[PDB]
Amino acid sequence: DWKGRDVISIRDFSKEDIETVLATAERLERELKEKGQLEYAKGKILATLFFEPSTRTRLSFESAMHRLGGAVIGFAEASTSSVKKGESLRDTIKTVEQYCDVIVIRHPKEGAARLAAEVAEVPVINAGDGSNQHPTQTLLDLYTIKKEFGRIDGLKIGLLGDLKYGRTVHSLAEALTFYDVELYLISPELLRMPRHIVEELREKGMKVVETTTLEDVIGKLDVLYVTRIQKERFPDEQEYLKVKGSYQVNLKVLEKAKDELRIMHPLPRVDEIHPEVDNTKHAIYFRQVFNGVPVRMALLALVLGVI
Amino acid sequence: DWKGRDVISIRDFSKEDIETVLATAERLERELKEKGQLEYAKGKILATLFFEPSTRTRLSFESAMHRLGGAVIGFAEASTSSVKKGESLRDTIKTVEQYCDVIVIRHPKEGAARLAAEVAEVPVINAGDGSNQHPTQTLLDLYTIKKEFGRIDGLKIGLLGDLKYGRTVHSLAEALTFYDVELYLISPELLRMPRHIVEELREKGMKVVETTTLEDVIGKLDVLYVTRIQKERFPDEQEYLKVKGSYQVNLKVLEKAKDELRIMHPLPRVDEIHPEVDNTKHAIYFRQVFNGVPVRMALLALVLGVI
Amino acid sequence: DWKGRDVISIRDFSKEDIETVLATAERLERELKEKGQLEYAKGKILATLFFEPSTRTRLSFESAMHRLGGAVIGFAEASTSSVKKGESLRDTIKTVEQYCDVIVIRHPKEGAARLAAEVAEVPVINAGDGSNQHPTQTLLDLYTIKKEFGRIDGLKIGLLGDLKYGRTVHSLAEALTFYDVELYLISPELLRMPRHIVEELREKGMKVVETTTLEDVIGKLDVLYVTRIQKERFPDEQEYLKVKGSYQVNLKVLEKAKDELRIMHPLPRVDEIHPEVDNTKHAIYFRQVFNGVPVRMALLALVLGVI
Ligand SMILES: O=C(O)C[C@H](NC(=O)CP(=O)(O)O)C(=O)O
Ligand SMILES: O=C(O)C[C@H](NC(=O)CP(=O)(O)O)C(=O)O
Ligand SMILES: O=C(O)C[C@H](NC(=O)CP(=O)(O)O)C(=O)O
């Protein structure tokens with residue numbers, strides 16, 4: 001059943017699906033420690049097709065595949081591929097799908113993963129499509145939260161920053177729909193969460209409050225998920241200069257924060273999280289990075305139908 | 001011996017008496033948990049005569065009586081009684097005392113409880129007389145302190161706010177006379193503790209320092225008992241506007257406070273304690289409210305001669 | 001081998017020597033607790049020759065000698081000795097050395113201890129020579145650090161204040177040469193550590209960074225060793241007025257400090273460490289004073305050849 005499934009939008013997953021990925025992720029995590037080399041993916045090839053920059057998503061996926069015993073092909077720069085000669089996206093996928101058993105694609109255009117999944121008879125995983133979705137990030141974010149707070153429900157989660165272009169929070173907000181939590185969306189009014197998404201989450205009954213001042217909600221938050229201003233998604237630099245550096249987390253802001261407050265960030269960060277926060281017990285973004293491998297290993301194995 | 005005793009001024013109690021009430025209070029507290037319904041007061045009626053507003057003192061006393069198995073009569077508004085037709089206080093008590101086995105009275109005039117106790121052959125408990133005394137508050141405050149710090153002596157207690165009109169701190173300061181503690185009275189010079197009381201406490205040998213700046217003493221305090229400015233006791237509003245909002249406890253003030261510092265407040269609070277303090281480990285005012293029932297249950301049982 | 005050795009410069013000790021003193025110091029410490037009176041120094045006399053003021057170094061040494069079972073002679077003020085008649089230092093030592101079995105000298109001129117050790121056939125211990133060295137302070141500082149952090153290496157130590165005239169940090173920096181630590185020298189540019197010393201420490205491979213702003217390094221420090229501005233060493237008061245009160249440690253500065261950060265100070269302190277820091281878990285300067293006796297007891301016993 002998991003074999004052949006795509007991972008395009010977090011909205012295509014139920015609470016059971018997410019739960020399964022996270023439980024399976026823990027499985028492979030421990031399993032790795034024991035064997036130090038798994039073989040579920042022996043004879044399988046993962047093609048990582050990145051049309052925009054990535055450090056974590058590409059490297060953790062390729063890392064996961066090797067830990068699973070598979071092989072990896074792909075490109076990190078579209079300029080080196082034949083898209084350079086003018087080839088289209090659907091032609092690229094139709095050709096590359098014949099070389100691998102699973103595709104992971106990051107593209108600057110929203111809906112690129114859906115288009116790829118449509119014309120591929122190989123499972124397609126969305127590593128980020130424009131400012132739309134980022135399903136595997138959400139899945140590793142939820143893994144981290146459950147791992148850190150031991151449990152899902154009963155949490156007050158705050159999403160800060162560029163909620164408008166941040167594909168990470170678009171998916172993360174949608175996934176939280178299956179959990180009993182109070183969501184707080186803190187951001188400049190120019191970078192608010194897509195109305196439709198905030199609408200839907202309340203169309204299902206979730207306490208969602210949109211605010212501009214962080215200190216208003218800081219004190220009751222269990223989770224503070226910080227984001228980066230997606231400079232590369234703005235219409236032009238002027239549109240970005242108008243919201244530049246207009247939020248940041250540091251020791252001062254953390255004065256009115258609960259002792260158990262945990263701060264996350266999909267990364268990379270520019271300056272929205274002062275490095276002084278790093279040494280604090282609050283910071284968990286680098287532990288967040290770590291969980292990406294077992295979560296991505298679970299996804300690869302599941303979708304390749306090897307576990 | 002306890003049967004028939006009144007509870008007018010905390011000065012009418014020895015260290016033994018206070019200790020007994022607190023030990024007995026713990027007894028009934030645990031006992032309640034077990035039986036979930038006691039009967040010491042079966043066939044006894046408590047008359048709560050409140051001539052001014054109350055939430056905690058009236059409700060906790062009535063609550064205590066029911067937990068003890070007794071019945072309750074009384075009025076929360078004098079306007080609904082025959083004092084409306086012009087009846088005096090002593091006539092009110094002489095008549096009502098024939099209907100109950102114990103009276104709890106809160107009146108806006110100092111000495112009202114003494115006058116009531118004088119003309120009643122039923123035990124009379126002072127729930128607050130003007131800006132004079134508040135014995136059961138002090139008794140539940142001491143219960144809370146011993147309960148929180150495990151013990152009485154060796155503490156540095158700071159009383160902040162309206163020490164002039166605050167009947168709660170007038171009694172609380174007097175009771176502390178039996179304990180080895182350093183008292184700090186922080187308040188505007190217009191709202192200082194009644195000279196006589198501060199005099200007496202030092203006439204017995206207690207280190208009592210009166211200051212205007214809280215931060216001067218904040219760092220060495222074990223207990224910080226905050227009070228509300230008694231607006232309704234001032235000569236007129238102008239007299240109150242001159243000391244309005246001139247003290248408050250929040251996270252900033254708590255920067256220079258000991259980790260074990262515990263903050264109390266007889267309540268209600270207007271703005272003298274910022275709600276951000278609520279989530280902190282320092283706040284114990286709502287735990288303070290809780291202890292009022294077993295303390296008041298102990299007092300009712302003792303004075304009714306049923307334990 | 002230890003018998004007859006002098007203690008002039010911390011540079012005359014190897015890592016083995018320092019380690020031995022500290023282990024031996026722990027020995028005598030526990031031993032004292034048991035017997036409550038030792039006799040290693042029975043029949044031995046310590047002469048404390050102080051030509052400048054001292055509270056800790058003189059008193060802890062005399063204290064140590066008595067705990068060891070020895071006797072003490074000496075002067076705290078040179079004005080009362082025959083140096084008053086014009087006697088020289090070498091004549092003073094040559095004469096006094098005939099009366100005791102060990103000398104402890106504090107003098108305002110750099111090299112005074114070396115001169116004393118040269119013309120004495122009795123062990124000479126430098127309790128401070130001008131702004132040059134202070135070996136027993138360093139030895140008790142290292143004892144405190146190992147005692148507090150359980151271990152030596154892997155620490156980030158910050159030395160703040162008057163590093164120019166502070167004989168305490170001149171020796172302390174030199175001793176740290178044998179340990180794997182990152183040293184941070186924070187001080188006004190007018191009070192920087194003697195170039196030669198900072199040079200040498202890096203000539204051996206130690207990460208040594210000299211800065212003016214404390215907050216730059218505060219966050220990563222394990223140890224913060226504060227010093228006093230050596231007013232009495234300045235050319236004149238004007239030279240001292242130019243660097244007066246230009247550093248201090250208080251709760252504000254400690255906002256960006258690690259929870260395990262430990263603050264030390266050889267003492268006395270004027271105002272460079274706000275007394276509010278005292279109650280904090282960071283302060284250990286008075287525990288630092290305590291360790292001086294067993295460290296000095298170890299030194300006396302070792303050098304007198306009685307252990
Ligand atoms: O780039 C961001 O700000 C968040 C997010 N980041 C990641 O997925 C991590 P990376 O770009 O290193 O793979 C994304 O949307 O690509
Ligand atoms: O009203 C105050 O500020 C303190 C004190 N408060 C109480 O006893 C609680 P309550 O008025 O709710 O019974 C009082 O003097 O009545
Ligand atoms: O005086 C100082 O600031 C540090 C140091 N202090 C001590 O040794 C302690 P004392 O002067 O009390 O013996 C010194 O150099 O003499």
# chains A, B, ... in the order shown; residues from 1 in each chain; ligands from 1

call {"tool": "interface_residues", "arguments": {"of": "chain A", "to": "chain B", "cutoff": "10 Å", "atoms": "only C-alpha atoms", "output": "compact mmCIF listing (two decimals) with N, CA and C atoms, in the first residue's frame"}}
result
# COMPACT_ATOMS: atom_id res chain seq x y z
N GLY A 219 5.02 33.94 26.18
CA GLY A 219 4.86 33.29 27.48
C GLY A 219 4.14 31.96 27.62
N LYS A 220 3.19 31.67 26.73
CA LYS A 220 2.44 30.42 26.82
C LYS A 220 2.80 29.37 25.78
N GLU A 255 13.16 36.22 27.56
CA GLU A 255 13.03 36.53 28.98
C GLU A 255 11.66 36.10 29.47
N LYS A 256 10.64 36.36 28.66
CA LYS A 256 9.26 36.03 29.01
C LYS A 256 8.83 34.69 28.43
N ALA A 257 9.76 33.76 28.28
CA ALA A 257 9.43 32.45 27.72
C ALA A 257 9.48 31.33 28.75
N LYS A 258 8.57 30.37 28.62
CA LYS A 258 8.51 29.23 29.53
C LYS A 258 9.85 28.50 29.52
N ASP A 259 10.21 27.93 30.66
CA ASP A 259 11.46 27.20 30.79
C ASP A 259 11.52 26.01 29.85

call {"tool": "residues_around", "arguments": {"residues": "residue C:110", "least_positions_apart": "6", "cutoff": "12 Å", "atoms": "only C-alpha atoms", "output": "ChimeraX atom specification"}}
result
/C:8-9,116,126-134,165,167,233

call {"tool": "residues_near_ligand", "arguments": {"ligand": "ligand 2", "cutoff": "10 Å", "atoms": "only C-alpha atoms and all ligand atoms", "output": "PDB file with N, CA and C atoms, in the first residue's frame"}}
result
ATOM      1  N   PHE B  50     -22.346  39.393  55.456  1.00  0.00           N
ATOM      2  CA  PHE B  50     -21.428  40.258  54.736  1.00  0.00           C
ATOM      3  C   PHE B  50     -22.055  41.606  54.348  1.00  0.00           C
ATOM      4  N   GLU B  52     -20.143  44.004  53.092  1.00  0.00           N
ATOM      5  CA  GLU B  52     -19.303  44.507  51.999  1.00  0.00           C
ATOM      6  C   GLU B  52     -18.922  43.325  51.090  1.00  0.00           C
ATOM      7  N   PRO B  53     -18.475  43.602  49.852  1.00  0.00           N
ATOM      8  CA  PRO B  53     -18.117  42.503  48.950  1.00  0.00           C
ATOM      9  C   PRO B  53     -17.005  41.521  49.341  1.00  0.00           C
ATOM     10  N   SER B  54     -17.197  40.277  48.905  1.00  0.00           N
ATOM     11  CA  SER B  54     -16.263  39.181  49.149  1.00  0.00           C
ATOM     12  C   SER B  54     -16.515  38.028  48.200  1.00  0.00           C
ATOM     13  N   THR B  55     -15.445  37.379  47.774  1.00  0.00           N
ATOM     14  CA  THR B  55     -15.560  36.221  46.909  1.00  0.00           C
ATOM     15  C   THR B  55     -14.940  35.059  47.679  1.00  0.00           C
ATOM     16  N   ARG B  56     -13.666  35.217  48.025  1.00  0.00           N
ATOM     17  CA  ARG B  56     -12.929  34.202  48.754  1.00  0.00           C
ATOM     18  C   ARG B  56     -13.417  33.935  50.183  1.00  0.00           C
ATOM     19  N   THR B  57     -13.370  34.947  51.045  1.00  0.00           N
ATOM     20  CA  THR B  57     -13.753  34.761  52.442  1.00  0.00           C
ATOM     21  C   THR B  57     -15.174  34.233  52.669  1.00  0.00           C
ATOM     22  N   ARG B  58     -16.159  34.752  51.942  1.00  0.00           N
ATOM     23  CA  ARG B  58     -17.516  34.248  52.125  1.00  0.00           C
ATOM     24  C   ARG B  58     -17.627  32.834  51.557  1.00  0.00           C
ATOM     25  N   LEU B  59     -17.286  32.669  50.279  1.00  0.00           N
ATOM     26  CA  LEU B  59     -17.375  31.365  49.620  1.00  0.00           C
ATOM     27  C   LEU B  59     -16.545  30.219  50.211  1.00  0.00           C
ATOM     28  N   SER B  60     -15.358  30.519  50.725  1.00  0.00           N
ATOM     29  CA  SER B  60     -14.518  29.486  51.327  1.00  0.00           C
ATOM     30  C   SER B  60     -15.104  29.074  52.686  1.00  0.00           C
ATOM     31  N   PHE B  61     -15.703  30.027  53.399  1.00  0.00           N
ATOM     32  CA  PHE B  61     -16.314  29.726  54.694  1.00  0.00           C
ATOM     33  C   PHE B  61     -17.571  28.885  54.495  1.00  0.00           C
ATOM     34  N   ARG B 106     -18.336  40.325  57.916  1.00  0.00           N
ATOM     35  CA  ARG B 106     -17.449  41.252  57.223  1.00  0.00           C
ATOM     36  C   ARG B 106     -18.249  42.561  57.191  1.00  0.00           C
ATOM     37  N   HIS B 107     -17.670  43.615  57.750  1.00  0.00           N
ATOM     38  CA  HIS B 107     -18.333  44.913  57.858  1.00  0.00           C
ATOM     39  C   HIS B 107     -17.331  46.020  57.496  1.00  0.00           C
ATOM     40  N   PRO B 108     -17.815  47.141  56.939  1.00  0.00           N
ATOM     41  CA  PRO B 108     -16.925  48.243  56.558  1.00  0.00           C
ATOM     42  C   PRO B 108     -16.419  49.116  57.714  1.00  0.00           C
ATOM     43  N   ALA B 127     -14.431  38.403  59.475  1.00  0.00           N
ATOM     44  CA  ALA B 127     -14.020  38.163  58.102  1.00  0.00           C
ATOM     45  C   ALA B 127     -13.464  39.453  57.514  1.00  0.00           C
ATOM     46  N   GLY B 128     -13.276  40.453  58.374  1.00  0.00           N
ATOM     47  CA  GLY B 128     -12.743  41.736  57.942  1.00  0.00           C
ATOM     48  C   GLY B 128     -13.537  42.910  58.489  1.00  0.00           C
ATOM     49  N   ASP B 129     -12.913  43.749  59.318  1.00  0.00           N
ATOM     50  CA  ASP B 129     -13.609  44.916  59.883  1.00  0.00           C
ATOM     51  C   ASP B 129     -12.938  46.230  59.478  1.00  0.00           C
ATOM     52  N   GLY B 130     -13.503  46.868  58.459  1.00  0.00           N
ATOM     53  CA  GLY B 130     -12.941  48.104  57.949  1.00  0.00           C
ATOM     54  C   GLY B 130     -11.547  47.811  57.428  1.00  0.00           C
ATOM     55  N   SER B 131     -10.588  48.630  57.832  1.00  0.00           N
ATOM     56  CA  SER B 131      -9.219  48.431  57.398  1.00  0.00           C
ATOM     57  C   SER B 131      -8.413  47.910  58.579  1.00  0.00           C
ATOM     58  N   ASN B 132      -9.121  47.488  59.623  1.00  0.00           N
ATOM     59  CA  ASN B 132      -8.485  46.988  60.831  1.00  0.00           C
ATOM     60  C   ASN B 132      -7.910  45.571  60.767  1.00  0.00           C
ATOM     61  N   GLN B 133      -8.734  44.557  61.021  1.00  0.00           N
ATOM     62  CA  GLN B 133      -8.246  43.176  61.054  1.00  0.00           C
ATOM     63  C   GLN B 133      -8.855  42.177  60.071  1.00  0.00           C
ATOM     64  N   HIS B 134      -8.112  41.094  59.849  1.00  0.00           N
ATOM     65  CA  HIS B 134      -8.510  39.999  58.961  1.00  0.00           C
ATOM     66  C   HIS B 134      -7.781  38.728  59.451  1.00  0.00           C
ATOM     67  N   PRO B 135      -8.174  38.205  60.632  1.00  0.00           N
ATOM     68  CA  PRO B 135      -7.587  37.011  61.253  1.00  0.00           C
ATOM     69  C   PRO B 135      -7.558  35.688  60.477  1.00  0.00           C
ATOM     70  N   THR B 136      -8.634  35.328  59.781  1.00  0.00           N
ATOM     71  CA  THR B 136      -8.625  34.063  59.043  1.00  0.00           C
ATOM     72  C   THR B 136      -7.728  34.117  57.801  1.00  0.00           C
ATOM     73  N   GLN B 137      -7.480  35.314  57.280  1.00  0.00           N
ATOM     74  CA  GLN B 137      -6.605  35.447  56.116  1.00  0.00           C
ATOM     75  C   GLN B 137      -5.195  35.148  56.591  1.00  0.00           C
ATOM     76  N   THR B 138      -4.797  35.819  57.667  1.00  0.00           N
ATOM     77  CA  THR B 138      -3.480  35.617  58.258  1.00  0.00           C
ATOM     78  C   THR B 138      -3.284  34.134  58.562  1.00  0.00           C
ATOM     79  N   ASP B 162      -0.340  48.499  49.860  1.00  0.00           N
ATOM     80  CA  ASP B 162      -1.177  49.290  50.751  1.00  0.00           C
ATOM     81  C   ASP B 162      -1.161  48.702  52.156  1.00  0.00           C
ATOM     82  N   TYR B 165      -4.126  50.610  54.697  1.00  0.00           N
ATOM     83  CA  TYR B 165      -5.521  50.171  54.752  1.00  0.00           C
ATOM     84  C   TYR B 165      -5.694  48.664  54.658  1.00  0.00           C
ATOM     85  N   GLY B 166      -4.605  47.965  54.359  1.00  0.00           N
ATOM     86  CA  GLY B 166      -4.662  46.521  54.209  1.00  0.00           C
ATOM     87  C   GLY B 166      -4.797  45.726  55.489  1.00  0.00           C
ATOM     88  N   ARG B 167      -6.036  45.414  55.864  1.00  0.00           N
ATOM     89  CA  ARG B 167      -6.304  44.644  57.070  1.00  0.00           C
ATOM     90  C   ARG B 167      -5.562  43.304  57.072  1.00  0.00           C
ATOM     91  N   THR B 168      -5.284  42.772  55.882  1.00  0.00           N
ATOM     92  CA  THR B 168      -4.563  41.496  55.731  1.00  0.00           C
ATOM     93  C   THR B 168      -3.134  41.543  56.293  1.00  0.00           C
ATOM     94  N   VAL B 169      -2.406  42.620  55.998  1.00  0.00           N
ATOM     95  CA  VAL B 169      -1.040  42.777  56.486  1.00  0.00           C
ATOM     96  C   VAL B 169      -0.987  43.301  57.920  1.00  0.00           C
ATOM     97  N   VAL B 226       2.100  40.464  48.264  1.00  0.00           N
ATOM     98  CA  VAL B 226       1.582  41.650  47.591  1.00  0.00           C
ATOM     99  C   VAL B 226       0.149  41.960  48.017  1.00  0.00           C
ATOM    100  N   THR B 227      -0.195  43.247  48.039  1.00  0.00           N
ATOM    101  CA  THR B 227      -1.535  43.677  48.421  1.00  0.00           C
ATOM    102  C   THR B 227      -2.165  44.577  47.361  1.00  0.00           C
ATOM    103  N   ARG B 228      -3.466  44.812  47.496  1.00  0.00           N
ATOM    104  CA  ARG B 228      -4.216  45.657  46.570  1.00  0.00           C
ATOM    105  C   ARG B 228      -4.451  47.016  47.216  1.00  0.00           C
ATOM    106  N   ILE B 229      -4.410  48.088  46.432  1.00  0.00           N
ATOM    107  CA  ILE B 229      -4.665  49.403  47.011  1.00  0.00           C
ATOM    108  C   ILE B 229      -6.168  49.467  47.308  1.00  0.00           C
ATOM    109  N   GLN B 230      -6.489  49.568  48.600  1.00  0.00           N
ATOM    110  CA  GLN B 230      -7.864  49.603  49.116  1.00  0.00           C
ATOM    111  C   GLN B 230      -8.658  50.855  48.745  1.00  0.00           C
ATOM    112  N   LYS B 231      -8.846  51.062  47.447  1.00  0.00           N
ATOM    113  CA  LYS B 231      -9.560  52.213  46.910  1.00  0.00           C
ATOM    114  C   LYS B 231     -10.803  52.605  47.706  1.00  0.00           C
ATOM    115  N   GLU B 232     -11.599  51.616  48.091  1.00  0.00           N
ATOM    116  CA  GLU B 232     -12.828  51.875  48.833  1.00  0.00           C
ATOM    117  C   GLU B 232     -12.657  52.391  50.274  1.00  0.00           C
ATOM    118  N   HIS B 265      -0.599  36.753  47.668  1.00  0.00           N
ATOM    119  CA  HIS B 265      -1.524  37.876  47.509  1.00  0.00           C
ATOM    120  C   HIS B 265      -2.878  37.404  48.026  1.00  0.00           C
ATOM    121  N   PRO B 266      -3.442  38.109  49.026  1.00  0.00           N
ATOM    122  CA  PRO B 266      -4.742  37.725  49.584  1.00  0.00           C
ATOM    123  C   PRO B 266      -5.863  37.807  48.550  1.00  0.00           C
ATOM    124  N   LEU B 267      -5.638  38.614  47.513  1.00  0.00           N
ATOM    125  CA  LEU B 267      -6.600  38.805  46.428  1.00  0.00           C
ATOM    126  C   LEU B 267      -7.838  39.567  46.886  1.00  0.00           C
ATOM    127  N   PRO B 268      -8.590  40.158  45.943  1.00  0.00           N
ATOM    128  CA  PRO B 268      -8.325  40.154  44.501  1.00  0.00           C
ATOM    129  C   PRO B 268      -7.196  41.113  44.123  1.00  0.00           C
ATOM    130  N   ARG B 269      -6.652  40.922  42.931  1.00  0.00           N
ATOM    131  CA  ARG B 269      -5.608  41.812  42.447  1.00  0.00           C
ATOM    132  C   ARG B 269      -6.178  42.640  41.292  1.00  0.00           C
ATOM    133  N   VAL B 270      -5.714  43.875  41.185  1.00  0.00           N
ATOM    134  CA  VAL B 270      -6.144  44.720  40.100  1.00  0.00           C
ATOM    135  C   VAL B 270      -5.039  44.631  39.044  1.00  0.00           C
ATOM    136  N   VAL B 289      -5.350  30.400  47.907  1.00  0.00           N
ATOM    137  CA  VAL B 289      -6.819  30.358  47.958  1.00  0.00           C
ATOM    138  C   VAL B 289      -7.308  28.981  48.419  1.00  0.00           C
TER     139      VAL B 289
END

call {"tool": "atom_distance", "arguments": {"atom1": "atom CA of residue A:98", "atom2": "atom CA of residue A:62"}}
result
18.7 Å

call {"tool": "atom_distance", "arguments": {"atom1": "atom CA of residue C:6", "atom2": "atom CA of residue C:26"}}
result
21.1 Å

call {"tool": "closest_residue", "arguments": {"among": "A:86, A:157, A:262, A:49", "to": "residue A:112", "atoms": "only C-alpha atoms"}}
result
A:49

call {"tool": "select_by_dssp", "arguments": {"residues": "stretch 118-268 of chain A", "states": "alpha helix (DSSP H)", "output": "VMD selection string"}}
result
chain A and resid 118 135 to 148 167 to 175 195 to 203 215 to 218 237 to 241

call {"tool": "residues_around", "arguments": {"residues": "residue B:5", "least_positions_apart": "2", "cutoff": "6 Å", "atoms": "only C-alpha atoms", "output": "VMD selection string"}}
result
chain B and resid 2 to 3 123 303

call {"tool": "write_last_selection", "arguments": {"atoms": "N, CA and C atoms", "output": "PDB file, in the first residue's frame"}}
result
ATOM      1  N   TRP B   2     -11.811  25.536  73.047  1.00  0.00           N
ATOM      2  CA  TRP B   2     -11.925  26.237  71.771  1.00  0.00           C
ATOM      3  C   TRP B   2     -13.385  26.545  71.496  1.00  0.00           C
ATOM      4  N   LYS B   3     -14.261  25.752  72.107  1.00  0.00           N
ATOM      5  CA  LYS B   3     -15.704  25.898  71.945  1.00  0.00           C
ATOM      6  C   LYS B   3     -16.200  27.228  72.482  1.00  0.00           C
ATOM      7  N   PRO B 123     -20.360  31.988  68.810  1.00  0.00           N
ATOM      8  CA  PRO B 123     -19.010  32.392  68.407  1.00  0.00           C
ATOM      9  C   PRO B 123     -19.046  33.318  67.192  1.00  0.00           C
ATOM     10  N   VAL B 303     -14.184  26.171  66.926  1.00  0.00           N
ATOM     11  CA  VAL B 303     -15.062  27.144  67.566  1.00  0.00           C
ATOM     12  C   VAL B 303     -16.479  26.645  67.851  1.00  0.00           C
TER      13      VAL B 303
END

call {"tool": "atom_distance", "arguments": {"atom1": "atom CA of residue C:205", "atom2": "atom CA of residue C:18"}}
result
20.0 Å
